[PDB]
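Note sheet for the following structure.
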Amino acid sequence: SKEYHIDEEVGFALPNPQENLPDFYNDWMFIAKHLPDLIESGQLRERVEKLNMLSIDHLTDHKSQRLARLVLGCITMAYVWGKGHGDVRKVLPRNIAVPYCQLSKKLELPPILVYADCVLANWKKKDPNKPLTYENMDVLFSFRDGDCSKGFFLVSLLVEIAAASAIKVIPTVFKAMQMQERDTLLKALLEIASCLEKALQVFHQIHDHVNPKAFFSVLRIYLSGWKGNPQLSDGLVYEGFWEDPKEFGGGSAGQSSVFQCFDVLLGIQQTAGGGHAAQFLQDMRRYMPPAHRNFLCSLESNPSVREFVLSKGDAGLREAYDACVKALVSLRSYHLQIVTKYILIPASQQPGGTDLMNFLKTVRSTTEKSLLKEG
Ligand code: HEM
Ligand SMILES: c1ccc(-c2cnc[nH]2)cc1
């Protein structure tokens, strides 16, 4: 279980992320902490081009390597996208590309900013004795003033944390199936449903902290990657590390282990078949920390909860199972309504969307298809 790097309180999020690196990395830190100013005044690219190549050896534990990935990922997005108006750099200068690629190799993550960087490791409490609540929290790194990165990253994190309450019930579910403990199983499924239902109320905060225009025209640009992307159609050159340009997708909650883990738990076969949705979410597991992709693989290998419940002729168990599935459907329906507000409407107002909505609707429909009763 410890091999899976799951926290009792914060689940897949990194507990108490580190905020400072060794003084040896001050040159990186200085750029990452001043991105909005450096990007806006046109100083960011020259500063990156001027860095000396720093060795990754003095980053000696997981938390410091994770902070360094966050730093280097944010700087890389700023260097590639610049001021976010379509002037793009196609080559990442060796003095940053090399350590970023070596550090990424060591962490078994791709050399692009991922969800586990900009959400799961990108946070702090304001006051260490107050709860994990939005008002008591902040992000460590933003891209531009007004980009709403705080509201976007933290609300994602707060959903991620609410879902965590359900993760610790998972071994109860499997124990109860194998021990033939019907009441324990039912109580465990109801508890999972309850937490997933709570996570939905958390998502409502998106409307308070994120504004559609800033999201659509700024933050979305900085989180974009270079896979299937016409602005960088062969991907990015990581100078001095690979000879040929490489394609990696940009930051995506398709990379969240929370939602992928409940679909697997419940037998929702989100990654089955050869369709586009299934392959994208399968591919995103490559963008998750290895301990969390290990967790998902081990869930896949357990007896099927859905098969257990379907074979008992037990209405209580069916209804509890269905409450879990329904909770995921309600989350995904609410999320679709967010996407209409934050992407479809802004894109209509500026002087594509259907493929996005069709991906999301495929995943919601696959979830709905798992209901045992029409729920
Ligand atoms: C402004 C708010 C948001 C917008 C515009 C938005 C947009 C999108 C888009 C475009 C995708 C498709 C995948 C991709 O392009 O990378 C997606 C997928 C997804 N988003 Fe969001 N999102 C928002 C907030 C959230 C939050 C707060 C969460 C909670 C962690 C979340 C969880 C998901 C999940 C899990 C997927 C994968 C599909 C699924 O499992 O249903 N999103 N989102
Ligand atoms: C950081 C935080 C959230 C996201 C996201 C939300 N929905 C899809 N991706 C991507 C990066």
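Under PDB author numbering, the letters of the sequence shown match residues 12 to 362, 380 to 403, in that order. By construction, the Cβ of each residue, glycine as well, lies at the ideal position given by its N, Cα and C atoms.
Would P47 and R155 be called neighbours here (beta carbons separated by less than 8 Å)? For the purposes of this step, residue 47 is taken as residue 36 along the sequence shown, with counting starting at 1. For the purposes of this step, residue 155 is taken as residue 144 along the sequence shown, with counting starting at 1. Yes, Cβ-Cβ distance for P47 and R155 is below 8 Å.
Nearest to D383 by alpha carbon, out of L243, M295, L347 and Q216? Locating residue 383 in the sequence shown gives position 355, counting from the first residue. Among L243, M295, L347 and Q216, the Cα nearest to that of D383 belongs to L347.
What does DSSP give as the partner residue(s) for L247 in the beta ladder? To locate residue 247, count along the sequence shown from 1; it is residue 236. According to DSSP, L247 bridges with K257.
What do you reckon, are the CB atoms on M299 and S263 nearer than 8 Å? On the sequence shown, residue 299 is found 288 positions in, with the first residue counted as 1. On the sequence shown, residue 263 is found 252 positions in, with the first residue counted as 1. No.
Residues sharing a beta bridge with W134, DSSP: Taking the sequence shown and counting its residues from 1, the one referred to as residue 134 is at position 123. Looking at the DSSP assignment, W134 forms a beta bridge with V150.
Where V320 and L310 are concerned, what is the direct C-alpha to C-alpha distance, given to the nearest angstrom? Residue 320 sits at position 309 when you count from the first residue of the sequence shown. Residue 310 sits at position 299 when you count from the first residue of the sequence shown. When rounded, the separation of the alpha-carbon atoms in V320 and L310 is 17 Å.
By C-beta, the residues closer than 7 Å to any heavy atom of ligand 2, given in chain order: Chain-ordered, the residues whose CB falls short of 7 Å from any heavy atom of ligand 2 come out as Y126, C129, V130, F163, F164, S167, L234, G262, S263, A264 and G265.
Would you say the beta carbon of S153 comes nearer than 7 Å to a heavy atom of ligand 1? Translated into the one-based positions of the sequence shown, residue 153 becomes position 142. Not under cutoff, so the answer is no.
Per DSSP, what kind of secondary structure is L165 in: helix, strand or coil? Translated into positions along the sequence shown, residue 165 becomes position 154. In the structure shown, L165 sits in a helix (DSSP, three-state: H, G or I).
Restricting to Cα atoms, I'd like to know which of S153, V150 and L70 is closest to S115. Taking the first residue of the sequence shown as position 1, residue 115 is located at position 104. Comparing Cα-Cα distances from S115 to each of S153, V150 and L70, the minimum goes to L70.
Close-in-space but distant-in-sequence residues of the same chain around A43 (CB under 6 Å, 5 per side omitted): Here the question's residue 43 lines up with position 32 in the sequence shown. Same-chain partners within the cutoff: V82, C85, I86 and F152.
In this structure, how does DSSP classify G95 when only helix, strand and coil are distinguished? The residue labelled residue 95 in the question sits at position 84 within the sequence shown. Coil at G95, not helix or strand.
What distance in whole Å lies between the Cβ atoms of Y145 and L131, which are believed to be in contact at a cut-off of 8 Å? To locate residue 131, count along the sequence shown from 1; it is residue 120. To locate residue 145, count along the sequence shown from 1; it is residue 134. Going by Cβ atoms, the distance from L131 to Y145 rounds to 16 Å, so no, they are not a contact pair.
Are the segment 204-219 and the segment 334-352 touching by the rule of at least three beta carbon pairs closer than 8 Å? Contact between the segment 204-219 and the segment 334-352 is present, because at least three Cβ pairs lie under 8 Å.
Does the beta-carbon of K323 have 16 or more other beta-carbons within 10 angstroms, so that it is buried, or is it exposed? Indexing the sequence shown from 1 puts residue 323 at position 312. Classification of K323: exposed, given that the 10 Å Cβ count is below 16.
Under 6 Å Cβ to Cβ from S315, same chain only, skipping five residues before and after it: list those, please. As a first step, residue 315 must be located in the sequence shown, where it is residue number 304. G278, listed in sequence order.
Within this structure, are the beta carbons of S66 and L32 separated by less than 8 Å? Start at 1 with the first residue of the sequence shown, and residue 66 comes out as number 55. Start at 1 with the first residue of the sequence shown, and residue 32 comes out as number 21. Going by C-beta atoms, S66 is not nearer than 8 Å to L32.
What does the alpha-carbon distance come out to for the pair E258 and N240? Position 247 of the sequence shown, counting from 1, holds the residue named residue 258. Position 229 of the sequence shown, counting from 1, holds the residue named residue 240. The alpha-carbon atoms of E258 and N240 are separated by roughly 9 Å.
Any non-hydrogen atom of ligand 1 within 7 Å of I217 CB: Numbered from 1 along the sequence shown, position 206 holds the residue referred to as residue 217. Yes; taking the cut-off as 7 Å, the Cβ of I217 has a heavy atom of ligand 1 nearer than that.
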